[PDB]
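Here is start_19.csv, consisting of CSV, N, CA, C and O atoms:
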chain,number,residue,atom,x,y,z
A,1,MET,N,-2.8,9.6,-16.8
A,1,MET,CA,-2.9,8.1,-16.9
A,1,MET,C,-4.0,7.6,-15.9
A,1,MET,O,-5.1,7.3,-16.3
A,2,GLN,N,-3.6,7.4,-14.7
A,2,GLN,CA,-4.6,7.1,-13.6
A,2,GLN,C,-5.1,8.4,-13.0
A,2,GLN,O,-4.7,8.8,-11.9
A,3,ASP,N,-5.9,9.1,-13.8
A,3,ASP,CA,-6.4,10.4,-13.4
A,3,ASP,C,-7.9,10.6,-13.7
A,3,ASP,O,-8.6,9.6,-14.1
A,4,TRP,N,-8.3,11.8,-13.6
A,4,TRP,CA,-9.8,12.2,-13.7
A,4,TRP,C,-10.4,11.7,-15.0
A,4,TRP,O,-11.6,11.2,-15.0
A,5,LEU,N,-9.7,11.7,-16.1
A,5,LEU,CA,-10.3,11.3,-17.4
A,5,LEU,C,-10.6,9.9,-17.4
A,5,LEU,O,-11.8,9.5,-17.8
A,6,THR,N,-9.7,9.0,-16.9
A,6,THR,CA,-10.0,7.6,-16.9
A,6,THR,C,-11.0,7.3,-15.7
A,6,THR,O,-11.8,6.4,-15.8
A,7,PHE,N,-10.8,8.1,-14.7
A,7,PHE,CA,-11.7,8.0,-13.5
A,7,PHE,C,-13.1,8.2,-13.9
A,7,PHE,O,-14.0,7.4,-13.4
A,8,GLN,N,-13.4,9.2,-14.7
A,8,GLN,CA,-14.7,9.5,-15.2
A,8,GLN,C,-15.4,8.4,-15.8
A,8,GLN,O,-16.4,7.9,-15.3
A,9,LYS,N,-14.9,7.9,-17.0
A,9,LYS,CA,-15.6,6.9,-17.8
A,9,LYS,C,-15.9,5.6,-16.9
A,9,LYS,O,-16.9,5.0,-17.2
A,10,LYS,N,-15.0,5.4,-16.0
A,10,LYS,CA,-15.1,4.1,-15.2
A,10,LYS,C,-15.9,4.3,-13.9
A,10,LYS,O,-16.2,3.3,-13.2
A,11,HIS,N,-16.3,5.5,-13.5
A,11,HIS,CA,-17.0,5.7,-12.2
A,11,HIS,C,-18.1,6.7,-12.3
A,11,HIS,O,-18.9,6.7,-11.4
A,12,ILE,N,-18.2,7.5,-13.4
A,12,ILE,CA,-19.2,8.5,-13.4
A,12,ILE,C,-20.4,8.1,-14.3
A,12,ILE,O,-20.2,8.0,-15.6
A,13,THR,N,-21.5,7.8,-13.7
A,13,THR,CA,-22.7,7.4,-14.4
A,13,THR,C,-23.8,8.4,-14.2
A,13,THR,O,-23.9,9.0,-13.1
A,14,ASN,N,-24.6,8.7,-15.2
A,14,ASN,CA,-25.7,9.6,-15.1
A,14,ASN,C,-27.0,9.0,-15.0
A,14,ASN,O,-28.1,9.6,-15.2
A,15,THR,N,-27.0,7.7,-14.6
A,15,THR,CA,-28.2,6.9,-14.4
A,15,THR,C,-28.0,5.9,-13.2
A,15,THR,O,-26.9,5.4,-13.0
A,16,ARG,N,-29.1,5.8,-12.4
A,16,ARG,CA,-29.0,4.9,-11.3
A,16,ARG,C,-28.9,3.4,-11.7
A,16,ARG,O,-28.5,2.6,-11.0
A,17,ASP,N,-29.4,3.2,-13.0
A,17,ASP,CA,-29.4,1.8,-13.5
A,17,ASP,C,-28.3,1.7,-14.6
A,17,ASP,O,-28.6,1.8,-15.8
A,18,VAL,N,-27.1,1.4,-14.1
A,18,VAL,CA,-26.0,1.2,-15.1
A,18,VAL,C,-26.0,-0.3,-15.5
A,18,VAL,O,-25.9,-1.2,-14.6
A,19,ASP,N,-26.1,-0.5,-16.8
A,19,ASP,CA,-26.1,-1.9,-17.3
A,19,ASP,C,-24.8,-2.6,-17.3
A,19,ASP,O,-24.0,-2.5,-18.2
A,20,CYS,N,-24.4,-3.1,-16.1
A,20,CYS,CA,-23.2,-3.8,-15.9
A,20,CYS,C,-22.8,-4.8,-17.0
A,20,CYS,O,-21.7,-4.8,-17.5
A,21,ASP,N,-23.8,-5.6,-17.3
A,21,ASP,CA,-23.7,-6.7,-18.3
A,21,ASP,C,-22.9,-6.2,-19.6
A,21,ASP,O,-21.9,-6.8,-19.9
A,22,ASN,N,-23.3,-5.2,-20.2
A,22,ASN,CA,-22.7,-4.7,-21.4
A,22,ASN,C,-21.6,-3.7,-21.2
A,22,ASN,O,-20.5,-3.9,-21.7
A,23,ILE,N,-21.8,-2.8,-20.3
A,23,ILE,CA,-20.8,-1.8,-20.0
A,23,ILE,C,-19.5,-2.4,-19.5
A,23,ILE,O,-18.4,-2.0,-19.9
A,24,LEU,N,-19.6,-3.4,-18.6
A,24,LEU,CA,-18.4,-3.9,-17.9
A,24,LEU,C,-17.7,-4.9,-18.8
A,24,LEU,O,-16.5,-5.3,-18.5
A,25,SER,N,-18.3,-5.4,-19.9
A,25,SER,CA,-17.7,-6.4,-20.7
A,25,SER,C,-16.9,-5.7,-21.9
A,25,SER,O,-16.4,-6.4,-22.7
A,26,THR,N,-16.8,-4.4,-21.8
A,26,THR,CA,-15.9,-3.7,-22.7
A,26,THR,C,-14.5,-3.8,-22.2
A,26,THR,O,-14.2,-4.3,-21.1
A,27,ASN,N,-13.5,-3.3,-23.1
A,27,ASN,CA,-12.1,-3.4,-22.7
A,27,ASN,C,-11.8,-2.4,-21.6
A,27,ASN,O,-10.7,-2.5,-21.0
A,28,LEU,N,-12.7,-1.5,-21.3
A,28,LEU,CA,-12.5,-0.5,-20.3
A,28,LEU,C,-12.6,-1.1,-18.9
A,28,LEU,O,-11.9,-0.6,-18.0
A,29,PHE,N,-13.3,-2.2,-18.8
A,29,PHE,CA,-13.4,-2.9,-17.5
A,29,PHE,C,-12.9,-4.3,-17.6
A,29,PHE,O,-12.3,-4.9,-16.7
A,30,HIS,N,-13.2,-5.0,-18.8
A,30,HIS,CA,-12.8,-6.3,-19.1
A,30,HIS,C,-13.3,-7.3,-18.1
A,30,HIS,O,-12.8,-8.4,-17.8
A,31,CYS,N,-14.5,-7.0,-17.5
A,31,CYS,CA,-15.2,-7.8,-16.5
A,31,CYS,C,-14.2,-8.2,-15.3
A,31,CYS,O,-13.9,-9.4,-15.1
A,32,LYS,N,-13.8,-7.2,-14.6
A,32,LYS,CA,-13.2,-7.4,-13.3
A,32,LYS,C,-14.2,-7.8,-12.2
A,32,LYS,O,-15.4,-7.8,-12.5
A,33,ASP,N,-13.7,-8.1,-11.0
A,33,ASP,CA,-14.6,-8.5,-9.9
A,33,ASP,C,-15.8,-7.6,-9.7
A,33,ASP,O,-16.9,-8.0,-9.7
A,34,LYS,N,-15.5,-6.3,-9.6
A,34,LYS,CA,-16.6,-5.3,-9.4
A,34,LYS,C,-16.2,-3.9,-9.9
A,34,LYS,O,-15.1,-3.7,-10.3
A,35,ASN,N,-17.2,-3.0,-9.8
A,35,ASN,CA,-16.9,-1.6,-10.2
A,35,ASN,C,-18.0,-0.8,-9.6
A,35,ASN,O,-19.2,-0.9,-10.0
A,36,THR,N,-17.6,0.1,-8.7
A,36,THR,CA,-18.6,1.1,-8.1
A,36,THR,C,-18.8,2.3,-8.9
A,36,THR,O,-17.8,3.1,-9.1
A,37,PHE,N,-20.0,2.5,-9.5
A,37,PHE,CA,-20.3,3.7,-10.2
A,37,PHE,C,-21.0,4.7,-9.3
A,37,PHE,O,-21.6,4.4,-8.3
A,38,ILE,N,-20.8,6.0,-9.6
A,38,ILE,CA,-21.3,7.1,-8.9
A,38,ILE,C,-22.4,7.8,-9.7
A,38,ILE,O,-22.1,8.3,-10.8
A,39,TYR,N,-23.6,7.8,-9.2
A,39,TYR,CA,-24.7,8.5,-9.9
A,39,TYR,C,-24.6,10.0,-9.5
A,39,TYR,O,-25.1,10.4,-8.5
A,40,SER,N,-23.9,10.7,-10.3
A,40,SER,CA,-23.7,12.1,-10.1
A,40,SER,C,-22.9,12.6,-11.3
A,40,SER,O,-22.1,11.9,-11.9
A,41,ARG,N,-23.0,13.9,-11.6
A,41,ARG,CA,-22.2,14.5,-12.7
A,41,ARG,C,-20.8,14.6,-12.3
A,41,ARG,O,-20.4,14.6,-11.1
A,42,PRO,N,-19.9,14.6,-13.3
A,42,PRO,CA,-18.4,14.8,-13.0
A,42,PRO,C,-18.1,16.1,-12.3
A,42,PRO,O,-17.1,16.1,-11.5
A,43,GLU,N,-18.9,17.1,-12.5
A,43,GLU,CA,-18.6,18.4,-11.9
A,43,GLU,C,-18.7,18.3,-10.4
A,43,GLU,O,-17.7,18.6,-9.7
A,44,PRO,N,-19.9,18.0,-9.8
A,44,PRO,CA,-20.1,17.9,-8.4
A,44,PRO,C,-19.2,16.9,-7.7
A,44,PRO,O,-19.0,16.9,-6.5
A,45,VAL,N,-18.7,15.9,-8.5
A,45,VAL,CA,-17.8,14.9,-7.9
A,45,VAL,C,-16.4,15.4,-7.9
A,45,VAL,O,-15.6,15.1,-7.0
A,46,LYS,N,-16.0,16.2,-9.0
A,46,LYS,CA,-14.7,16.8,-9.1
A,46,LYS,C,-14.6,17.9,-8.1
A,46,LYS,O,-13.5,18.2,-7.6
A,47,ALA,N,-15.8,18.5,-7.7
A,47,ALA,CA,-15.8,19.6,-6.7
A,47,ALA,C,-15.5,19.1,-5.3
A,47,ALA,O,-15.1,19.9,-4.5
A,48,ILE,N,-15.5,17.8,-5.1
A,48,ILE,CA,-15.1,17.2,-3.9
A,48,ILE,C,-13.6,17.4,-3.7
A,48,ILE,O,-13.1,17.5,-2.5
A,49,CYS,N,-12.9,17.5,-4.8
A,49,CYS,CA,-11.5,17.6,-4.8
A,49,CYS,C,-11.1,19.1,-5.0
A,49,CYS,O,-9.9,19.4,-5.3
A,50,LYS,N,-12.1,20.0,-5.0
A,50,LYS,CA,-11.8,21.4,-5.3
A,50,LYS,C,-10.8,22.0,-4.2
A,50,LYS,O,-11.1,22.0,-3.0
A,51,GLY,N,-9.7,22.4,-4.7
A,51,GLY,CA,-8.7,23.0,-3.8
A,51,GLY,C,-7.6,22.0,-3.4
A,51,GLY,O,-6.7,22.4,-2.7
A,52,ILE,N,-7.8,20.7,-3.8
A,52,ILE,CA,-6.8,19.7,-3.4
A,52,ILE,C,-5.8,19.5,-4.5
A,52,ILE,O,-6.1,18.7,-5.4
A,53,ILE,N,-4.7,20.1,-4.5
A,53,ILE,CA,-3.7,20.0,-5.6
A,53,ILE,C,-2.8,18.8,-5.3
A,53,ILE,O,-2.6,18.0,-6.2
A,54,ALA,N,-2.3,18.7,-4.1
A,54,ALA,CA,-1.5,17.6,-3.7
A,54,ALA,C,-2.3,16.3,-3.6
A,54,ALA,O,-3.5,16.3,-3.1
A,55,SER,N,-1.8,15.2,-4.1
A,55,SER,CA,-2.4,13.9,-4.0
A,55,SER,C,-2.9,13.6,-2.6
A,55,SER,O,-2.0,13.3,-1.7
A,56,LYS,N,-4.2,13.7,-2.3
A,56,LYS,CA,-4.7,13.5,-1.0
A,56,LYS,C,-6.0,12.8,-1.0
A,56,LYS,O,-6.9,13.2,-1.7
A,57,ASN,N,-6.1,11.7,-0.3
A,57,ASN,CA,-7.4,10.9,-0.2
A,57,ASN,C,-8.3,11.6,0.8
A,57,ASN,O,-8.0,11.8,2.0
A,58,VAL,N,-9.5,12.0,0.3
A,58,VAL,CA,-10.5,12.7,1.1
A,58,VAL,C,-11.8,11.9,1.1
A,58,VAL,O,-12.2,11.3,0.0
A,59,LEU,N,-12.4,11.9,2.2
A,59,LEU,CA,-13.7,11.2,2.3
A,59,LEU,C,-14.8,12.3,2.2
A,59,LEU,O,-14.7,13.4,2.7
A,60,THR,N,-15.9,12.0,1.5
A,60,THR,CA,-16.9,12.9,1.2
A,60,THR,C,-17.7,13.4,2.4
A,60,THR,O,-17.9,12.6,3.4
A,61,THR,N,-18.2,14.6,2.4
A,61,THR,CA,-19.0,15.2,3.5
A,61,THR,C,-20.4,14.6,3.6
A,61,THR,O,-21.1,14.7,4.6
A,62,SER,N,-20.8,14.0,2.5
A,62,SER,CA,-22.2,13.4,2.4
A,62,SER,C,-22.1,12.1,1.6
A,62,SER,O,-21.1,11.8,1.0
A,63,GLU,N,-23.3,11.4,1.6
A,63,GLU,CA,-23.4,10.2,0.8
A,63,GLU,C,-23.8,10.6,-0.6
A,63,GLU,O,-24.5,11.6,-0.9
A,64,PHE,N,-23.4,9.7,-1.6
A,64,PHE,CA,-23.8,9.9,-3.0
A,64,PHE,C,-24.5,8.6,-3.4
A,64,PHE,O,-24.5,7.6,-2.7
A,65,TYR,N,-25.2,8.7,-4.5
A,65,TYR,CA,-26.0,7.6,-5.0
A,65,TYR,C,-25.1,6.7,-5.8
A,65,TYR,O,-24.8,7.0,-6.9
A,66,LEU,N,-24.8,5.6,-5.2
A,66,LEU,CA,-23.8,4.7,-5.8
A,66,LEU,C,-24.5,3.5,-6.4
A,66,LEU,O,-25.5,3.0,-5.9
A,67,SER,N,-24.0,3.0,-7.5
A,67,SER,CA,-24.4,1.8,-8.1
A,67,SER,C,-23.2,0.9,-8.4
A,67,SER,O,-22.4,1.2,-9.2
A,68,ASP,N,-23.2,-0.2,-7.6
A,68,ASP,CA,-22.0,-1.0,-7.6
A,68,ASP,C,-22.3,-2.3,-8.4
A,68,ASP,O,-23.2,-3.0,-8.1
A,69,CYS,N,-21.6,-2.5,-9.5
A,69,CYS,CA,-21.7,-3.7,-10.2
A,69,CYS,C,-20.7,-4.7,-9.7
A,69,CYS,O,-19.5,-4.5,-9.8
A,70,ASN,N,-21.2,-5.9,-9.2
A,70,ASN,CA,-20.3,-6.9,-8.7
A,70,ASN,C,-20.6,-8.2,-9.3
A,70,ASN,O,-21.8,-8.5,-9.7
A,71,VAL,N,-19.6,-9.0,-9.5
A,71,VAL,CA,-19.8,-10.3,-10.2
A,71,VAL,C,-20.6,-11.3,-9.3
A,71,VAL,O,-20.5,-11.3,-8.1
A,72,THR,N,-21.4,-12.1,-10.0
A,72,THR,CA,-22.2,-13.1,-9.3
A,72,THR,C,-21.5,-14.4,-9.2
A,72,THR,O,-20.3,-14.4,-8.9
A,73,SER,N,-22.1,-15.5,-9.5
A,73,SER,CA,-21.5,-16.8,-9.5
A,73,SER,C,-20.9,-17.1,-10.8
A,73,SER,O,-20.1,-18.0,-11.0
A,74,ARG,N,-21.3,-16.3,-11.8
A,74,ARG,CA,-20.9,-16.5,-13.2
A,74,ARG,C,-20.0,-15.3,-13.6
A,74,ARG,O,-20.3,-14.1,-13.4
A,75,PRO,N,-18.8,-15.6,-14.2
A,75,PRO,CA,-17.8,-14.6,-14.6
A,75,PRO,C,-18.4,-13.7,-15.6
A,75,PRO,O,-19.1,-14.0,-16.6
A,76,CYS,N,-18.1,-12.4,-15.4
A,76,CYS,CA,-18.5,-11.3,-16.4
A,76,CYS,C,-20.1,-11.1,-16.3
A,76,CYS,O,-20.6,-10.3,-17.1
A,77,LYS,N,-20.7,-11.8,-15.4
A,77,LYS,CA,-22.1,-11.5,-15.1
A,77,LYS,C,-22.3,-10.9,-13.8
A,77,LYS,O,-21.8,-11.3,-12.7
A,78,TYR,N,-23.0,-9.7,-13.7
A,78,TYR,CA,-23.0,-8.9,-12.6
A,78,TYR,C,-24.4,-8.7,-11.9
A,78,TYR,O,-25.4,-9.0,-12.5
A,79,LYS,N,-24.3,-8.4,-10.7
A,79,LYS,CA,-25.5,-8.0,-9.9
A,79,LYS,C,-25.4,-6.5,-9.6
A,79,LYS,O,-24.4,-6.0,-9.1
A,80,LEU,N,-26.5,-5.8,-9.9
A,80,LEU,CA,-26.5,-4.3,-9.6
A,80,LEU,C,-26.8,-4.1,-8.2
A,80,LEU,O,-27.6,-4.7,-7.6
A,81,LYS,N,-26.0,-3.1,-7.6
A,81,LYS,CA,-26.2,-2.8,-6.2
A,81,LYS,C,-26.4,-1.3,-6.1
A,81,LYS,O,-25.4,-0.5,-6.1
A,82,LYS,N,-27.6,-0.9,-5.9
A,82,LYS,CA,-27.9,0.5,-5.7
A,82,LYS,C,-28.0,0.9,-4.3
A,82,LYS,O,-28.7,0.4,-3.5
A,83,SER,N,-27.1,1.9,-3.9
A,83,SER,CA,-27.0,2.3,-2.5
A,83,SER,C,-26.7,3.7,-2.4
A,83,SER,O,-26.5,4.4,-3.4
A,84,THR,N,-26.6,4.3,-1.2
A,84,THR,CA,-26.2,5.6,-0.9
A,84,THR,C,-25.2,5.7,0.2
A,84,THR,O,-25.5,5.3,1.3
A,85,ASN,N,-24.0,6.1,-0.1
A,85,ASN,CA,-22.9,6.1,0.8
A,85,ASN,C,-21.9,7.1,0.4
A,85,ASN,O,-21.8,7.6,-0.7
A,86,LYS,N,-21.1,7.5,1.4
A,86,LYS,CA,-19.9,8.4,1.1
A,86,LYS,C,-18.8,7.6,0.4
A,86,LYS,O,-18.9,6.4,0.3
A,87,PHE,N,-17.8,8.3,0.0
A,87,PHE,CA,-16.6,7.6,-0.6
A,87,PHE,C,-15.4,8.4,-0.5
A,87,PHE,O,-15.5,9.7,-0.5
A,88,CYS,N,-14.2,7.8,-0.4
A,88,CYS,CA,-13.0,8.5,-0.4
A,88,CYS,C,-12.4,8.5,-1.8
A,88,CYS,O,-12.2,7.5,-2.4
A,89,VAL,N,-12.1,9.7,-2.3
A,89,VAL,CA,-11.5,9.8,-3.6
A,89,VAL,C,-10.1,10.4,-3.4
A,89,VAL,O,-9.9,11.3,-2.5
A,90,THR,N,-9.1,9.9,-4.1
A,90,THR,CA,-7.8,10.5,-4.0
A,90,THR,C,-7.7,11.7,-4.9
A,90,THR,O,-7.7,11.6,-6.2
A,91,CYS,N,-7.7,12.9,-4.3
A,91,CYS,CA,-7.7,14.1,-5.0
A,91,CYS,C,-6.3,14.6,-5.4
A,91,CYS,O,-5.4,14.6,-4.6
A,92,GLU,N,-6.1,14.9,-6.7
A,92,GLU,CA,-4.9,15.5,-7.2
A,92,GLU,C,-5.2,16.5,-8.3
A,92,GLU,O,-6.0,16.3,-9.2
A,93,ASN,N,-4.6,17.7,-8.1
A,93,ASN,CA,-4.8,18.8,-9.1
A,93,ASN,C,-6.2,19.2,-9.1
A,93,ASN,O,-6.7,19.6,-10.2
A,94,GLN,N,-6.9,19.1,-8.0
A,94,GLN,CA,-8.3,19.4,-7.8
A,94,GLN,C,-9.2,18.5,-8.7
A,94,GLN,O,-10.3,18.9,-9.1
A,95,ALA,N,-8.8,17.3,-8.8
A,95,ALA,CA,-9.6,16.3,-9.5
A,95,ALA,C,-9.4,14.9,-8.9
A,95,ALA,O,-8.2,14.5,-8.6
A,96,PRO,N,-10.4,14.2,-8.7
A,96,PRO,CA,-10.4,12.8,-8.2
A,96,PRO,C,-9.6,11.9,-9.3
A,96,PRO,O,-10.1,11.7,-10.4
A,97,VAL,N,-8.4,11.4,-8.9
A,97,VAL,CA,-7.6,10.6,-9.8
A,97,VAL,C,-7.6,9.1,-9.5
A,97,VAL,O,-7.6,8.3,-10.3
A,98,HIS,N,-7.7,8.8,-8.2
A,98,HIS,CA,-7.8,7.4,-7.7
A,98,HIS,C,-9.0,7.2,-6.8
A,98,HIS,O,-9.3,8.1,-6.1
A,99,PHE,N,-9.6,6.0,-6.9
A,99,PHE,CA,-10.7,5.7,-6.1
A,99,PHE,C,-10.2,4.9,-4.9
A,99,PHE,O,-9.5,3.9,-5.1
A,100,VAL,N,-10.6,5.3,-3.7
A,100,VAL,CA,-10.1,4.6,-2.5
A,100,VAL,C,-11.2,3.6,-2.0
A,100,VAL,O,-10.9,2.4,-2.0
A,101,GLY,N,-12.3,4.0,-1.6
A,101,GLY,CA,-13.4,3.1,-1.2
A,101,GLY,C,-14.6,3.9,-0.7
A,101,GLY,O,-14.5,5.2,-0.6
A,102,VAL,N,-15.7,3.2,-0.4
A,102,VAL,CA,-16.9,3.9,0.1
A,102,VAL,C,-17.0,3.9,1.6
A,102,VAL,O,-16.5,3.0,2.2
A,103,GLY,N,-17.8,4.8,2.1
A,103,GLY,CA,-18.0,4.9,3.5
A,103,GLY,C,-17.0,5.8,4.2
A,103,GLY,O,-17.4,6.9,4.7
A,104,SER,N,-15.8,5.4,4.2
A,104,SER,CA,-14.7,6.1,4.8
A,104,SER,C,-13.4,5.8,4.1
A,104,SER,O,-13.3,4.9,3.3
A,105,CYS,N,-12.3,6.6,4.5
A,105,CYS,CA,-11.1,6.4,3.8
A,105,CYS,C,-10.1,5.7,4.8
A,105,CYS,O,-9.5,6.4,5.7

Final structure tokens representation of the file:
Amino acid sequence: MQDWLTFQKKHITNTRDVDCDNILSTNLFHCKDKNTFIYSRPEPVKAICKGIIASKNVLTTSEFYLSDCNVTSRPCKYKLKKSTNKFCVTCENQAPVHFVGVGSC
């Protein structure tokens, strides 16, 4: 439910330029306040949780290329934020199931 499958579509992007406008206006996001996407494949991101079976929030050993879509002054209209930082993923069954935050946990 709140697991890697849902985590992927909502956080795993393969482009630095995620079009927040269209992508976030789907029912998958429904234009919430913001959404931090990770520019990296699901494999190297799932590998962060490699060996973590028990639900455990872990902070990454390095920074990743993040693209954060955040709402502007207008609802469902976003500003792209391209940055590089670490992030804490809640690892369960060797897969990131919940997103904690960027920088540290």

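The space between atom C of residue 95 (chain A) and atom C of residue 40 (chain A) spans 13.9 Å.
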
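Going from atom C of residue 24 (chain A) over to atom O of residue 83 (chain A), you cover 20.0 Å.
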
Item checked: Atom pair atom C of residue 39 (chain A) / atom O of residue 85 (chain A): separation (Å) ->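 Atom C of residue 39 (chain A) sits 9.5 Å away from atom O of residue 85 (chain A).
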
Item checked: Nearest to residue 15 (chain A), chosen from A:53, A:47, A:58, A:66, with only N, CA, C and O atoms counted in the distances ->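 Of A:53, A:47, A:58, A:66, the one nearest residue 15 (chain A), counting only N, CA, C and O atoms, is A:66.
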
Notebook entry, point to check: So, counting only C-alpha atoms, which residue among A:98, A:86, A:30, A:79 is closest to residue 8 (chain A)?
Noted result: A:98

Polymer residues at most 5 Å from (-17.5, -4.5, -5.4) by all atoms listed in the file, as a PDB file with N, CA, C and O atoms, keeping the file's coordinate frame:
ATOM      1  N   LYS A  34     -15.500  -6.300  -9.600  1.00  0.00           N
ATOM      2  CA  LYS A  34     -16.600  -5.300  -9.400  1.00  0.00           C
ATOM      3  C   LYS A  34     -16.200  -3.900  -9.900  1.00  0.00           C
ATOM      4  O   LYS A  34     -15.100  -3.700 -10.300  1.00  0.00           O
ATOM      5  N   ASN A  35     -17.200  -3.000  -9.800  1.00  0.00           N
ATOM      6  CA  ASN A  35     -16.900  -1.600 -10.200  1.00  0.00           C
ATOM      7  C   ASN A  35     -18.000  -0.800  -9.600  1.00  0.00           C
ATOM      8  O   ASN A  35     -19.200  -0.900 -10.000  1.00  0.00           O
ATOM      9  N   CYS A  69     -21.600  -2.500  -9.500  1.00  0.00           N
ATOM     10  CA  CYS A  69     -21.700  -3.700 -10.200  1.00  0.00           C
ATOM     11  C   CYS A  69     -20.700  -4.700  -9.700  1.00  0.00           C
ATOM     12  O   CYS A  69     -19.500  -4.500  -9.800  1.00  0.00           O
ATOM     13  N   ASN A  70     -21.200  -5.900  -9.200  1.00  0.00           N
ATOM     14  CA  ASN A  70     -20.300  -6.900  -8.700  1.00  0.00           C
ATOM     15  C   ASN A  70     -20.600  -8.200  -9.300  1.00  0.00           C
ATOM     16  O   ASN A  70     -21.800  -8.500  -9.700  1.00  0.00           O
TER      17      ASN A  70
END

Next item on the list: Write out as a ChimeraX atom specification each polymer residue whose atoms come within 8 Å of residue 13 (chain A), counting only N, CA, C and O atoms; drop sequence neighbours fewer than 5 positions from it.
Entry: /A:7-8,18,36-42,65
